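Enquirer: If it helps, the file is called target23.pdb and holds PDB, C-alpha atoms (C1' of nucleotides):
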ATOM      1  CA  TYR A 112       0.000   0.000   0.000
ATOM      2  CA  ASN A 113       1.507   3.290  -1.232
ATOM      3  CA  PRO A 114      -0.737   6.266  -0.387
ATOM      4  CA  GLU A 115       0.145   9.416  -2.356
ATOM      5  CA  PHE A 116      -2.072  12.484  -1.926
ATOM      6  CA  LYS A 117      -1.683  16.081  -3.071
ATOM      7  CA  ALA A 118      -2.511  19.217  -1.114
ATOM      8  CA  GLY A 119      -6.119  20.369  -1.265
ATOM      9  CA  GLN A 120      -7.508  16.962  -2.268
ATOM     10  CA  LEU A 121     -10.893  15.692  -1.100
ATOM     11  CA  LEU A 122     -10.980  12.206   0.412
ATOM     12  CA  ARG A 123     -13.485   9.843   2.008
ATOM     13  CA  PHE A 124     -12.367   8.632   5.434
ATOM     14  CA  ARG A 125     -13.607   6.201   8.074
ATOM     15  CA  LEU A 126     -12.179   6.273  11.590
ATOM     16  CA  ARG A 127     -13.136   4.834  14.974
ATOM     17  CA  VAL A 128     -12.070   7.222  17.730
ATOM     18  CA  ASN A 129     -11.300   6.752  21.424
ATOM     19  CA  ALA A 130     -13.023   9.469  23.470
ATOM     20  CA  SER A 131     -10.467   9.536  26.288
ATOM     21  CA  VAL A 132      -9.718  12.523  28.527
ATOM     22  CA  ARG A 133      -7.888  12.855  31.841
ATOM     23  CA  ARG A 134      -9.364  14.555  34.910
ATOM     24  CA  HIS A 135      -8.936  14.621  38.680
ATOM     25  CA  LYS A 155      -8.004   8.801  35.983
ATOM     26  CA  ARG A 156      -8.948   8.508  32.307
ATOM     27  CA  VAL A 157     -12.635   9.219  31.674
ATOM     28  CA  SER A 158     -14.759   9.275  28.543
ATOM     29  CA  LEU A 159     -15.789  12.471  26.789
ATOM     30  CA  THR A 160     -18.946  13.995  28.254
ATOM     31  CA  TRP A 161     -21.224  16.564  26.619
ATOM     32  CA  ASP A 162     -23.933  18.862  27.965
ATOM     33  CA  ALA A 163     -27.661  18.175  28.118
ATOM     34  CA  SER A 164     -28.264  20.922  25.534
ATOM     35  CA  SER A 165     -25.898  19.355  22.966
ATOM     36  CA  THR A 166     -25.956  16.152  20.873
ATOM     37  CA  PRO A 167     -23.188  13.519  21.063
ATOM     38  CA  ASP A 168     -22.398  13.969  17.363
ATOM     39  CA  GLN A 169     -21.777  17.703  17.786
ATOM     40  CA  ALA A 170     -19.484  17.126  20.769
ATOM     41  CA  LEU A 171     -17.490  14.434  18.968
ATOM     42  CA  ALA A 172     -17.183  16.578  15.831
ATOM     43  CA  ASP A 173     -15.943  19.559  17.851
ATOM     44  CA  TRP A 174     -13.509  17.349  19.778
ATOM     45  CA  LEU A 175     -12.074  15.924  16.554
ATOM     46  CA  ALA A 176     -11.873  19.355  14.900
ATOM     47  CA  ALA A 177      -9.965  20.656  17.932
ATOM     48  CA  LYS A 178      -7.113  18.214  17.247
ATOM     49  CA  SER A 179      -7.430  18.254  13.445
ATOM     50  CA  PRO A 180      -5.051  21.285  13.006
ATOM     51  CA  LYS A 181      -2.134  19.326  14.462
ATOM     52  CA  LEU A 182      -3.152  16.193  12.544
ATOM     53  CA  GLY A 183      -3.017  17.905   9.145
ATOM     54  CA  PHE A 184      -6.526  17.627   7.673
ATOM     55  CA  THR A 185      -9.614  19.842   7.614
ATOM     56  CA  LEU A 186     -13.045  18.471   8.483
ATOM     57  CA  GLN A 187     -15.922  19.401   6.172
ATOM     58  CA  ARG A 188     -18.734  17.101   7.328
ATOM     59  CA  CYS A 189     -18.910  14.218   9.793
ATOM     60  CA  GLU A 190     -21.678  12.128  11.352
ATOM     61  CA  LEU A 191     -21.540   9.532  14.111
ATOM     62  CA  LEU A 192     -22.459   5.950  13.219
ATOM     63  CA  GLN A 193     -21.722   3.595  16.141
ATOM     64  CA  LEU A 194     -21.302   4.969  19.671
ATOM     65  CA  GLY A 195     -20.307   2.177  22.009
ATOM     66  CA  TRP A 196     -17.662   0.465  24.085
ATOM     67  CA  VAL A 197     -14.903  -2.099  23.577
ATOM     68  CA  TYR A 198     -14.233  -4.615  26.346
ATOM     69  CA  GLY A 199     -11.232  -6.869  26.949
ATOM     70  CA  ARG A 226     -13.218  -0.997  29.332
ATOM     71  CA  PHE A 227     -12.784   1.580  26.565
ATOM     72  CA  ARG A 228     -15.011   4.016  24.685
ATOM     73  CA  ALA A 229     -15.284   3.660  20.903
ATOM     74  CA  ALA A 230     -17.058   5.972  18.459
ATOM     75  CA  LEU A 231     -17.250   5.411  14.696
ATOM     76  CA  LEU A 232     -17.285   8.654  12.703
ATOM     77  CA  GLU A 233     -17.507   8.969   8.923
ATOM     78  CA  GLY A 234     -17.667  11.889   6.525
ATOM     79  CA  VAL A 235     -15.590  14.123   4.270
ATOM     80  CA  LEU A 236     -12.141  15.494   5.115
ATOM     81  CA  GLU A 237      -9.702  17.736   3.252
ATOM     82  CA  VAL A 238      -5.935  17.367   3.592
ATOM     83  CA  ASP A 239      -4.150  20.554   4.644
ATOM     84  CA  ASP A 240      -0.551  19.650   3.755
ATOM     85  CA  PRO A 241       0.962  16.457   2.302
ATOM     86  CA  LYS A 242       3.677  16.342   4.998
ATOM     87  CA  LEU A 243       1.811  16.035   8.309
ATOM     88  CA  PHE A 244      -0.870  13.800   6.771
ATOM     89  CA  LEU A 245       1.638  11.017   6.088
ATOM     90  CA  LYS A 246       2.982  11.288   9.644
ATOM     91  CA  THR A 247      -0.561  11.076  11.018
ATOM     92  CA  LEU A 248      -1.241   8.025   8.849
ATOM     93  CA  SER A 249       0.019   4.637  10.091
ATOM     94  CA  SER A 250       0.689   6.160  13.529
ATOM     95  CA  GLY A 251      -2.649   6.676  15.292
ATOM     96  CA  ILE A 252      -5.064   9.492  16.195
ATOM     97  CA  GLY A 253      -5.542   8.578  19.838
ATOM     98  CA  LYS A 254      -4.797   6.154  22.642
ATOM     99  CA  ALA A 255      -5.422   2.404  23.028
ATOM    100  CA  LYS A 256      -3.739   1.801  19.670
ATOM    101  CA  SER A 257      -2.943  -1.801  20.662
ATOM    102  CA  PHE A 258      -6.661  -2.716  20.599
ATOM    103  CA  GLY A 259      -7.282  -1.451  17.062
ATOM    104  CA  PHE A 260      -8.419   2.067  17.964
ATOM    105  CA  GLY A 261      -6.056   4.049  15.728
ATOM    106  CA  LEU A 262      -6.544   3.437  12.008
ATOM    107  CA  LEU A 263      -7.558   5.480   8.953
ATOM    108  CA  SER A 264      -9.014   4.398   5.608
ATOM    109  CA  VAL A 265      -8.825   7.212   3.040
ATOM    110  CA  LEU A 266     -10.582   6.867  -0.317
ATOM    111  CA  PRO A 267     -10.372   9.147  -3.379
ATOM    112  CA  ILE A 268     -13.529  11.019  -4.352
TER     113      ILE A 268
ATOM    114  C1'   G B   1      32.575 -80.321  56.712
ATOM    115  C1'   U B   2      26.144 -82.740  59.884
ATOM    116  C1'   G B   3      24.341 -91.368  58.916
ATOM    117  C1'   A B   4      27.903 -87.013  55.512
ATOM    118  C1'   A B   5      30.926 -85.774  50.854
ATOM    119  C1'   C B   6      31.489 -87.762  44.923
ATOM    120  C1'   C B   7      25.233 -88.386  42.366
ATOM    121  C1'   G B   8      20.924 -86.717  35.250
ATOM    122  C1'   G B   9      14.094 -91.654  34.680
ATOM    123  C1'   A B  10      16.927 -91.475  30.113
ATOM    124  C1'   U B  11      15.680 -92.520  25.030
ATOM    125  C1'   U B  12      10.288 -94.160  21.053
ATOM    126  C1'   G B  13       4.395 -92.014  19.442
ATOM    127  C1'   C B  14      -1.614 -88.408  13.549
ATOM    128  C1'   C B  15      -7.448 -89.137  17.646
ATOM    129  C1'   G B  16      -8.248 -90.183  11.923
ATOM    130  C1'   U B  17     -12.960 -91.111   8.529
ATOM    131  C1'   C B  18     -19.959 -88.586   9.009
ATOM    132  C1'   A B  19     -23.769 -84.376  10.102
ATOM    133  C1'   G B  20     -29.260 -77.845   7.588
ATOM    134  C1'   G B  21     -31.900 -76.608  14.313
ATOM    135  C1'   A B  22     -36.348 -76.327  11.401
ATOM    136  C1'   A B  23     -41.153 -75.191  10.760
ATOM    137  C1'   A B  24     -45.287 -69.642  13.248
ATOM    138  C1'   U B  25     -45.742 -64.487  15.239
ATOM    139  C1'   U B  26     -48.597 -55.956  14.838
ATOM    140  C1'   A B  27     -45.754 -53.563  20.697
ATOM    141  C1'   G B  28     -50.250 -51.157  20.139
ATOM    142  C1'   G B  29     -53.560 -47.812  22.766
ATOM    143  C1'   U B  30     -52.618 -41.552  25.666
ATOM    144  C1'   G B  31     -49.881 -35.669  25.740
ATOM    145  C1'   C B  32     -49.100 -26.621  24.629
ATOM    146  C1'   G B  33     -42.357 -26.172  26.883
ATOM    147  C1'   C B  34     -45.654 -21.533  28.650
ATOM    148  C1'   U B  35     -45.013 -16.415  31.414
ATOM    149  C1'   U B  36     -39.348 -11.769  30.285
ATOM    150  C1'   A B  37     -35.434  -8.032  28.514
ATOM    151  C1'   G B  38     -32.013  -0.465  24.269
ATOM    152  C1'   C B  39     -25.091  -3.249  22.452
ATOM    153  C1'   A B  40     -26.255   2.439  23.790
ATOM    154  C1'   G B  41     -27.917   9.823  24.830
ATOM    155  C1'   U B  42     -22.762  10.003  28.699
ATOM    156  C1'   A B  43     -21.271  12.159  34.524
ATOM    157  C1'   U B  44     -14.815   7.551  37.491
ATOM    158  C1'   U B  45     -11.709   3.278  32.091
ATOM    159  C1'   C B  46      -7.993  -1.620  35.212
ATOM    160  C1'   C B  47      -2.734  -0.542  35.494
ATOM    161  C1'   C B  48       2.180   2.380  34.122
ATOM    162  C1'   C B  49       5.507   6.795  32.586
ATOM    163  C1'   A B  50       6.710  11.953  31.236
ATOM    164  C1'   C B  51       4.810  17.095  30.734
ATOM    165  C1'   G B  52       1.100  20.959  33.204
ATOM    166  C1'   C B  53      -2.296  22.067  37.828
ATOM    167  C1'   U B  54      -6.068  18.955  30.990
ATOM    168  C1'   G B  55      -2.839  17.755  26.319
ATOM    169  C1'   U B  56       0.831  13.633  24.377
ATOM    170  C1'   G B  57       2.965   8.002  25.146
ATOM    171  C1'   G B  58       2.192   2.285  26.554
ATOM    172  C1'   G B  59      -0.854  -1.915  27.586
TER     173        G B  59
END
Can the structure from this file be put into structure tokens for me?

Expert:
Amino acid sequence: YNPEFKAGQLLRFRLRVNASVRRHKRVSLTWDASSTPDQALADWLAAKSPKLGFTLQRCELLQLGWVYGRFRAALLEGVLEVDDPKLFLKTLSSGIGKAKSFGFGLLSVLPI
RNA sequence: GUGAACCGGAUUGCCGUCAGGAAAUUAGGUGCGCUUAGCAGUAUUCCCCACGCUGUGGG
């Protein structure tokens, strides 16, 4: 597999995220009663997307659940736009979160 | 080293010719497995390390 992508190229991506935050232990992401889980997850992913190297355009939640062995798993799909071709390759094949040993960090990018 | 010491029951042999267990039998009559439940709209994720007073890294 040799992924080559140019700057400013639209792609179709599927990614299962690990909503993990640290407080005063590691706890799952929690939203407010006036907001939907999809909005909170989209905002949380867009917060880290600058450092990752891609720009979110649209994203909807598909499967919000847990993975035992206890971890929190959320499956988000949509349309993303690559910012630069340098940081995107580093982000790929490395992970976008924690618990990478249980198959939580993985991207599948498709040309559109 | 004792009424003891020295000391072989040994050689020779086919149980062989013959035989239908056979004619006759239904195991049949009786039965609800039935009352019950989001793999998901959350308020601590089991343990370890570094960096701050939440963001990265491993299982």

Enquirer: With a distance cut-off of 8 Å and all atoms listed in the file, select the neighbouring residues of segment 176-186 of chain A, excluding the residue or stretch itself and same-chain residues fewer than 4 positions from it, and output the selection as a PyMOL selection string.

Expert: chain A and resi 172+235-240+243-244+247+252

Enquirer: Considering only C-alpha atoms, state which residue in the set A:195, A:167, A:241, A:267 is at the smallest distance from residue 124 of chain A.

Expert: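 Using only C-alpha atoms, the shortest distance to residue 124 of chain A belongs to A:267.
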
Enquirer: Determine the nearest neighbour of residue 158 of chain A from the options B:50, B:44, B:10, B:59, counting all atoms listed in the file.

Expert: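 Going through B:50, B:44, B:10, B:59 one by one, the smallest distance to residue 158 of chain A is for B:44.
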
Enquirer: Write out as number ranges by chain every residue belonging to chain B that has an atom at most 9 Å from any atom of chain A, counting all atoms listed in the file.

Expert: B: 39-46, 54-55, 57-59

Enquirer: Could you work out how far atom CA of residue 123 of chain A lies from atom CA of residue 263 of chain A, giving the answer in Å with one decimal?

Expert: 10.1 Å

Enquirer: Would you work out the distance separating atom CA of residue 246 of chain A from atom CA of residue 170 of chain A, expressed in Å to one decimal?

Expert: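 Atom-to-atom, atom CA of residue 246 of chain A to atom CA of residue 170 of chain A, that is 25.7 Å.
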
Enquirer: Of the residues A:120, A:231, A:197, A:129, which is the one nearest to residue 265 of chain A, using all atoms listed in the file?

Expert: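 Comparing A:120, A:231, A:197, A:129 against residue 265 of chain A, the winner is A:120.
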
Enquirer: Record the distance separating atom CA of residue 122 of chain A and atom CA of residue 262 of chain A, expressed in Å with one decimal.

Expert: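 According to the coordinates, atom CA of residue 122 of chain A and atom CA of residue 262 of chain A are separated by 15.2 Å.
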